[PDB]
Structure formats: structure tokens, C-alpha cells
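Enquirer: My structure is below; once you've seen it, I'll send some questions.
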Amino acid sequence: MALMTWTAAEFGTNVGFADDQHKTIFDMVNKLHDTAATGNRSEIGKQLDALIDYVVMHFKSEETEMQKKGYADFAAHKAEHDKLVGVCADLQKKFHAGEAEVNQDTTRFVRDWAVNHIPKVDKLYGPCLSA
Ligand SMILES: [Fe+3]
Ligand SMILES: [Fe+3]
Ligand code: NA
């Protein structure tokens with residue numbers, strides 16, 4: 001049972017690149033979720049690291065477009081990104097020190113974050129970025 005399922009109704013932004021990057025995030029989170037129910041710590045870490053790298057790139061992609069187009073709520077939206085990047089960096093620090101584990105609570109938090117962020121934050125840039 002996949003943790004996350006993308007639909008257009010719930011998550012579509014009317015912005016092609018963003019919808020595509022979102023669908024990749026959901027697939028990479030789903031993979032990490034399944035791995036996080038095991039004790040395969042090396043595989044957990046590789047999938048965690050891949051997912052974080054991709055998310056940071058997604059945020060940059062959204063920010064570069066918002067800023068270039070003079071989107072009204074760019075700085076607020078970047079602030080929400082930058083707080084999750086700080087949480088991700090802190091988790092990588094603790095995980096790669098052997099001080100914290102990644103488990104299905106970790107991936108449920110990323111789920112919770114995304115399923116709030118996409119509809120309530122990302123969908124707001126649609127009109128600007130699809131114009
Ligand atoms: Fe997004
Ligand atoms: Fe965003
Ligand atoms: Na995300």
C-alpha cells in the first residue's frame with residue numbers, strides 16, 4: 001500500500017514542471033517508506049540522501065520561477081522551503097552520525113508536510129507561473 005498517491009484534483013498546480021517534480025517526490029518518498037519498515041540501514045540512507053537532494057533541487061526550481069516572474073508571495077513561500085531544508089539537514093546530520101534512525105514516522109512526516117504544502121502553498125503560484 002503506497003504511502004502517497006498523486007492526483008490532479010488534490011495536487012495539480014497547472015504548472016507542468018512542478019507537477020512532474022511532485023510526482024517524482026511522491027515516488028521517492030514511497031520507496032523510502034517501504035525501506036524504512038526494514039532494518040536495511042545502508043539502503044535507507046541511500047534513498048534518504050537521494051530524496052533530499054531531489055527536494056532541494058525542486059525547491060530551487062520553484063524559487064527560480066517565482067522570483068523571475070515577480071510572484072507576489074515568493075519570499076513567504078521560500079521561507080517555508082528553507083525551514084524544511086533545515087529539518088532535512090538536521091536529520092541527515094543525526095542519521096549519518098548514527099544518532100537517529102529513519103522509520104515510517106519520518107516518511108509520514110514528509111507526507112504530512114507535502115500534502116499540506118502542495119495544495120496550500122504551491123497551488124497559489126499556478127496563475128502566475130502558468131501565464
Ligand atoms: Fe512543491
Ligand atoms: Fe513549494
Ligand atoms: Na516536498
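In the C-alpha cells, the first chain shown is A, the next is B, and so on; residue numbers restart at 1 for each chain, and ligands run from 1 in the order shown.
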Report the closest atom pair, with its distance in Å rounded to one decimal, for each residue of segment 38-121 of chain A that has an atom no farther than 7 Å from segment 7-24 of chain A; count only C-alpha atoms, sort by chain and then rising residue number, and write it as a tab-separated table.
Expert:
residue	atom	partner	partner_atom	distance
A:58	CA	A:21	CA	6.4
A:118	CA	A:11	CA	6.1
A:119	CA	A:11	CA	5.7
Enquirer: Residues within 8 Å of segment 61-72 of chain A, please, as an NGL selection string. Count only C-alpha atoms; anything in the same chain fewer than 4 positions from it doesn't count.
Expert: :A and (18 or 57 or 78 or 125 or 128-129)
Enquirer: For the structure I just gave you, how does DSSP split chain A - specifically, which residues are alpha helix (DSSP H)? Reply as a VMD selection string.
Expert: chain A and resid 8 to 11 16 to 36 41 to 68 74 to 96 104 to 120 126 to 130
Enquirer: Of the candidates A:83, A:117, A:31, A:96, which shows the shortest atom-to-atom distance to ligand 2, using only C-alpha atoms and all ligand atoms?
Expert: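 Comparing A:83, A:117, A:31, A:96 against ligand 2, the winner is A:117.
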Enquirer: For a quick check of understanding, using only C-alpha atoms, which of A:123, A:51, A:105, A:111 has the smallest distance to residue 85 of chain A?
Expert: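 Counting only C-alpha atoms, the residue closest to residue 85 of chain A is A:51.
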Enquirer: Could I get the residue neighbourhood of ligand 3 at 7 Å, counting only C-alpha atoms and all ligand atoms, as a list in words?
Expert: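 Written in the requested form, the residues are residues 25, 55, 110, 113 and 114 of chain A.
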Enquirer: Output N, CA and C atoms for every residue in the selection just made, as a PDB file, in the first residue's frame.
Expert:
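Output contents, as saved in result-v9.pdb:
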ATOM      1  N   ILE A  25       8.799  13.190  -6.406  1.00  0.00           N
ATOM      2  CA  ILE A  25       8.922  13.206  -4.920  1.00  0.00           C
ATOM      3  C   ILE A  25       8.031  12.150  -4.329  1.00  0.00           C
ATOM      4  N   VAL A  55      14.585  17.016  -3.439  1.00  0.00           N
ATOM      5  CA  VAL A  55      13.702  18.037  -2.882  1.00  0.00           C
ATOM      6  C   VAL A  55      14.393  19.374  -2.944  1.00  0.00           C
ATOM      7  N   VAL A 110       7.183  13.592   6.231  1.00  0.00           N
ATOM      8  CA  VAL A 110       7.385  14.162   4.903  1.00  0.00           C
ATOM      9  C   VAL A 110       6.065  14.153   4.150  1.00  0.00           C
ATOM     10  N   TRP A 113       3.916  16.977   5.514  1.00  0.00           N
ATOM     11  CA  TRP A 113       4.420  18.227   5.055  1.00  0.00           C
ATOM     12  C   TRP A 113       3.988  18.502   3.617  1.00  0.00           C
ATOM     13  N   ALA A 114       4.175  17.546   2.738  1.00  0.00           N
ATOM     14  CA  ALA A 114       3.875  17.730   1.330  1.00  0.00           C
ATOM     15  C   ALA A 114       2.459  17.854   1.062  1.00  0.00           C
TER      16      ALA A 114
END
Enquirer: Please, which residues in segment 80-108 of chain A fall within 7 Å of segment 34-45 of chain A when counting only C-alpha atoms, and what is the closest atom pair and distance in Å to one decimal for each, ordered by chain then residue number, as a tab-separated table?
Expert:
residue	atom	partner	partner_atom	distance
A:102	CA	A:36	CA	6.3
A:103	CA	A:36	CA	4.7
A:104	CA	A:36	CA	5.6
Enquirer: Just give me the gap between atom CA of residue 92 of chain A and atom CA of residue 49 of chain A in Å, one decimal is fine.
Expert: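 Computing it gives 7.7 Å between the two atoms.
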Enquirer: Restricting the calculation to only C-alpha atoms and all ligand atoms: of A:97, A:108, A:56, A:131, which residue gets closest to ligand 1?
Expert: A:56
Enquirer: Report, in Å to a single decimal, how far apart atom CA of residue 126 of chain A and atom 1 (Fe, counted along the ligand's line) of ligand 1 are.
Expert: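 Spanning atom 1 (Fe, counted along the ligand's line) of ligand 1 to atom CA of residue 126 of chain A is a straight-line distance of 11.3 Å.
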Enquirer: Could you tell me how far atom CA of residue 52 of chain A sits from atom CA of residue 100 of chain A, in Å to one decimal place?
Expert: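 The value is 16.3 Å.
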Enquirer: In terms of the shortest atom-to-atom distance over only C-alpha atoms and all ligand atoms, which of A:59, A:87, A:130, A:101 is closest to ligand 2?
Expert: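 Among the listed residues, A:59 lies closest to ligand 2.
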Enquirer: Between A:80, A:53, A:27, A:90, which has the minimum distance to ligand 1 (counting only C-alpha atoms and all ligand atoms)?
Expert: A:80
Enquirer: Between A:121, A:32, A:4, A:86, which is the closest to ligand 1 once you count only C-alpha atoms and all ligand atoms?
Expert: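 The shortest atom-to-atom distance to ligand 1 comes from A:121.
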